[PDB]
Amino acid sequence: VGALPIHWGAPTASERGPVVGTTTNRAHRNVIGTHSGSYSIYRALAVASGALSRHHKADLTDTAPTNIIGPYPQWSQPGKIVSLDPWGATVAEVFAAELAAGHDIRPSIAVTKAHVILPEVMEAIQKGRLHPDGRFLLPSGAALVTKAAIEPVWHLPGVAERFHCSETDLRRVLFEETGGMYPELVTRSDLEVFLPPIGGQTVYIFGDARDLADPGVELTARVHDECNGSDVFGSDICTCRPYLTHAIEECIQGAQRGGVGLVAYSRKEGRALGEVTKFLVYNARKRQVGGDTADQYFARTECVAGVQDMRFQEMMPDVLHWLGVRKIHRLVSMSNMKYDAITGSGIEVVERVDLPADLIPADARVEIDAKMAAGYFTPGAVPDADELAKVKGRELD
């Protein structure tokens, strides 16, 4: 009849206990916050307008994962996974008794399958770079994938340790810097788990999810942070979608050669500054005295945002650990921030696959040159001060 305890990192589901973040019975709630990231606000609108009963509980029939992921040892190693719930995809199975007992437990992960058709993959086929095999890649250009949507679930003591500050400071600052969101951050130190109203990520798996846990199977992977204006709209000011679709191409070939491929797509728009800040910086970049130069790229963000980047890649490897990933043979990525995080978490990276020069869009030179000067991996020449001062950016029109 009371709220179930949570022992983060315990080796069984029973011992770990379920994340109860629903609101149908507040005496059962054992976390701060609520499911579905931002979309709790829309659920509130649906309740307030009469469309949805505040008493509704999901019918989870037939929703269970299409592919079995874990459990793996990483799920129970202390401090290893702190920003998602390793049991979040299998709650209907591992918490069946708690559900029947009356605890309204929602999945925070869902696993299904798809056929993804990307125009860049269809072109890769037309140009003889890819050849359909009928298993991973079809003649239509469709790739067969497993995909997993993963919503955030933060163990605040683990997150604090991840960031080298005390938990009470992390929680106080979370409370203050959001204008006082969730006073239980400072008022309920007994609650260790937080469901923030932020986007999560989506994992695309090419081949067998279980091979992600076998470091003897060659793994091609990219962690991609959302860039809507490119990932969807193809703006030529940045490398994002070209890098994403190049990685997808490489992942398909990886699977075809008998390995496995992984793309994680994490919702951190604009370096987790959001899109308004991102567009303000573009304007400042193009209007500054001297033109849009690579040697001012980072400074223009700094002046608006007070920081260069807020993605905190130190939590990004949790999804890899959830998947059992223990080694990445081909990391399709250049960022030294991502590379240090992944390898700093124990995961070997064998080959770093930089973005081929011919995929850089017409107004993305400023970005990629600044990034290589800042330490992003490249096999070739790093731009020196003189090359960074070239006005490589297009004028405002």
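For every residue, the number given is its place in the sequence shown, counted from 1.
Novice: Is the mean CA B factor in the deposited entry higher across 35-43 or across 356-364?
Specialist: Of 356-364 and 35-43, the stretch with the higher C-alpha B-factor average is 356-364.
Novice: Averaging CA B factors per stretch from the PDB record, which one is higher: 80-88 or 121-129?
Specialist: Per the PDB entry, the higher value belongs to 121-129.
Novice: Quick one: which of 297, 204, 154, 279 shows the highest Cα temperature factor in the PDB entry?
Specialist: Within the set 297, 204, 154, 279, 297 shows the top C-alpha B-factor.
Novice: Have a look at 60, 48, 342, 69 and flag the one whose Cα has the highest B-factor in the entry.
Specialist: Top of the list by C-alpha B-factor: 48.
Novice: Using the B-factor values recorded in the entry, state whether the Cα atom of residue 288 falls in the lowest, middle or highest third among the modelled residues of its chain.
Specialist: Answer is highest: the recorded C-alpha B-factor places it there.
Novice: Using the B-factors in the PDB entry, rank residue 179's C-alpha atom against the chain and give the third, lowest, middle or highest.
Specialist: Ranked within chain, residue 179 CA B lands in the middle tercile.
Novice: Considering every modelled residue of the chain and its Cα B-factor in the PDB entry, is residue 327 in the lowest, middle or highest third?
Specialist: Middle third of the chain for residue 327's C-alpha B-factor.
Novice: When the deposited Cα B-factors of this chain's modelled residues are ordered and cut into thirds, is residue 338 in the lowest, the middle or the highest one?
Specialist: Bottom third by C-alpha B-factor.
Novice: Split into thirds by Cα B-factor across the chain's modelled residues, where does residue 140 land: lowest, middle or highest?
Specialist: CA B-factor rank for residue 140: highest third.
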